[PDB]
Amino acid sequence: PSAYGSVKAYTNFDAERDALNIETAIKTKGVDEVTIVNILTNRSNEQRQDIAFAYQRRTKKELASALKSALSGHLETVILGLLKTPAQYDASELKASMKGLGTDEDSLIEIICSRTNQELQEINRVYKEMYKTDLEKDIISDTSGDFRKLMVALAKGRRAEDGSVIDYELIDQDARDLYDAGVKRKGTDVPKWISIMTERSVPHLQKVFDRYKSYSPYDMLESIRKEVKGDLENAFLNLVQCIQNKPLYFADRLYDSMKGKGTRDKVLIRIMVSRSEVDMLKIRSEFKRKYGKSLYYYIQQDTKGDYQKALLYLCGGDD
């Protein structure tokens, strides 16, 4: 279990009890959405799987299908998302990002740039089992140019994991190479940027980006804005933010999703669901530090109804 998640395993857990109570809630005239939300947002992902199993054995109906039939709107999206395992949820979100003629590059980038090697290994495996095809093949068919190269490289999840051994010489050489490949000359050696940023460990790259400031007039993020454009630039910016401060990265994404009129629910829901058992506590801390008011407050003031209640539970409170 992650100590930085907002959703923790329920102590007095009884899958049968929850399955019985959810069944009654589903069959209540008009549905008792409150009970369904109160239960599922207060159980760990694993516990939800146990609940789904108990539910089917007792009713001969799959819980997911029962809820897709019983719920609708944004609430349905949150609840069904919470029922999928982490890998399954990410795999389905990735598949959804590449559905149709166009491609939701923003979603594809957010997911591919933020997941660890461990998470990506599972996503790749589950993706193959669910859609029968490979994740890489789909990315390749929905992207092109250097943007494709970068996304394919990242999706592989073969990033080095040089344990904890700091390589000061490589830190310096990588910083010099990133500079020589960009700001230092006319044009940009994008392949060098892709290699360094996708093959080195996160702790290493954090140190590289710091050492980079010693050679370059602008930091990594500004360097990216001056060297590349389009989806490629967007990908690099997201990637560097994820490396420098992943919790802050998500906090900014969350703020952006609610700032204006209405909310970009697709993003808001994916982050609340997917990071609820990973680093939501860190995301909350960075969000409050930067924006002043808590993430809870923004969710409260930007969504309504049972949907809002569900998201607030995933947030977990504020402190």
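The numbering used is simple: start at 1 and walk along the sequence shown.
**Student:** Going by the B-factors listed in the PDB entry, is the mean over the C-alpha atoms higher for 55 to 63 or for 269 to 277?
**Tutor:** Averaged over C-alpha atoms, the B-factors run higher in 55 to 63.
**Student:** Going by the average Cα B-factor in the PDB entry, point out whether 244 to 252 or 129 to 137 comes out higher.
**Tutor:** Taking the mean C-alpha B-factor of 244 to 252 and of 129 to 137, the larger value falls to 129 to 137.
**Student:** Taking the Cα B-factors listed in the entry, which of 237, 178, 160, 171 comes out highest?
**Tutor:** That would be 160, according to the entry.
**Student:** Return the residue from 77, 92, 198, 118 that has the highest Cα B-factor in the entry.
**Tutor:** When the deposited C-alpha B-factors of 77, 92, 198, 118 are compared, 118 is largest.
**Student:** Within this chain's modelled residues, let me know which third the CA B factor of residue 7 belongs to: lowest, middle or highest.
**Tutor:** As the PDB entry reports it, the C-alpha B-factor of residue 7 lands in the middle third of its chain.
**Student:** Looking at the temperature factor on the CA atom of residue 87, which third of the chain's modelled residues does it land in?
**Tutor:** CA B-factor rank for residue 87: middle third.
**Student:** Could you tell me which third, lowest, middle or highest, the C-alpha B-factor of residue 213 occupies within its chain?
**Tutor:** Middle third - that is where residue 213 ends up once the chain's C-alpha B-factors are sorted.
**Student:** Using the B-factors in the PDB entry, rank residue 81's C-alpha atom against the chain and give the third, lowest, middle or highest.
**Tutor:** As the PDB entry reports it, the C-alpha B-factor of residue 81 lands in the lowest third of its chain.
**Student:** Lowest, middle or highest third: where is residue 97 by Cα B-factor in its chain?
**Tutor:** Tercile = highest for this residue's CA B-factor.
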